[PDB]
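We begin with a single chain expressed as structure tokens, specifically the form deposited in one PDB entry.
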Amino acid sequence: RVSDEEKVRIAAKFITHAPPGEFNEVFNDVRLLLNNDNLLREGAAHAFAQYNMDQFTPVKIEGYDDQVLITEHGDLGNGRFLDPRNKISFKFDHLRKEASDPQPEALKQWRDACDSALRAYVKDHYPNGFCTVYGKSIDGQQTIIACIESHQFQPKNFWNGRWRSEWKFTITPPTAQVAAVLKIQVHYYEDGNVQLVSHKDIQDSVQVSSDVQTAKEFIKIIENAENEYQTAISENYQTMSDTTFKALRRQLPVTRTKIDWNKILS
């Protein structure tokens, strides 16, 4: 007799660790294991929201053209998230991934120039990317937070993948400090199972001037770091294919031949 509290806790742990594009399959597994739908839907509510904000889940709102990302920076509380591009707030069901009740809503000019330059960068560099740019003030320091998401779900070919980047620009003119994290997660499971998880931290600085110029300098560093990150990932695969994989098991013994077993036994 597992307590309801421990049931919810373990269910929440599983949901928050679902691979991208596999939330529904993990949820359905957890639902049948729990055998108590009302407990799962009420107890694990925070886990649903945590997953969407951690995953930068893109969401289409009716009446507007490009999607908005569910992030911690847009969390207005009470189940509402901010669309800073279309200047609206909306209700969001974290379980069904559906937005509703679009309702209209100092640094907006700076947030707008960065969003315009990021929107184009994403359309130029990603197959199906989305982005959302925020503007906040932490301990008096004006901060621009840029978030990018791009995923490909192909469960018919037994794989899913997602890219996430988050860029924070702390505006202390004439300098701007850059802190960022880039994240990749891939799951391939045709007659087997493999998962890639990767992240990289970025630290940089920027000279501040006009909003339009700084927006171009902001996106250029984004473009440089993300290009370098993706290229390094591809090149580190080859490094893995013949250095550290070799460290776990060789392709052949040092003799460059397969083992003579009769010699082994005698």
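By rigid core we mean the largest C-alpha set that fits within 1.5 Å across both forms. So that there is no doubt, residue numbering starts at 1 and follows the sequence shown.
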Worksheet item: According to the PDB entry, how many deposited residues between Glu105 and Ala106 are absent from the model (none, 1 to 3, 4 to 9, 10 or more)?
Response: 4 to 9
Practice prompt. Compare the mean C-alpha B-factor of 200-208 with that of 225-233 as given in the PDB entry, and name the stretch with the higher value.
Written response: 200-208
Worksheet entry | Of 255-263 and 3-11, the one with larger mean CA B-factor | 255-263
Response to the item:
Scanning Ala120, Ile138, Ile184, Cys147 for peak Cα temperature factor in the entry gives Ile138
Worksheet item: Based on what the PDB entry reports, which of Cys131, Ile171, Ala180, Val194 has the top C-alpha B-factor?
Response: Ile171
Item to complete: Among all modelled residues of this chain, ranked by Cα B factor, put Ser116 in the bottom, middle or top third, i.e. lowest, middle or highest.
Response: middle
Discussion item. Using only modelled residues of the chain, where does the Cα B factor of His73 rank: lowest third, middle third or highest third?
Written reply: middle
Worksheet entry | Chain thirds of CA B-factor: placement of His94 | middle
Practice prompt. Looking at the entry's B-factor column for C-alpha atoms only, identify whether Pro84 ranks in the lowest, middle or highest third of its chain.
Written response: highest
Practice prompt. Classify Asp54 as lowest, middle or highest third according to the C-alpha B-factor given in the PDB entry, relative to its own chain.
Written response: lowest
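Keep in mind that the form deposited in another entry is not shown, yet the notes after this line are about it.
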Discussion item. Once the rigid core is superposed, exactly one of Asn35, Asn236, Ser198, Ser209 has its CA displaced by 2 Å or more between the shown form and the other one; which residue is that?
Written reply: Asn35
Worksheet entry | Core-aligned CA displacement of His17 at least 2 Å between the shown form and the other one | no
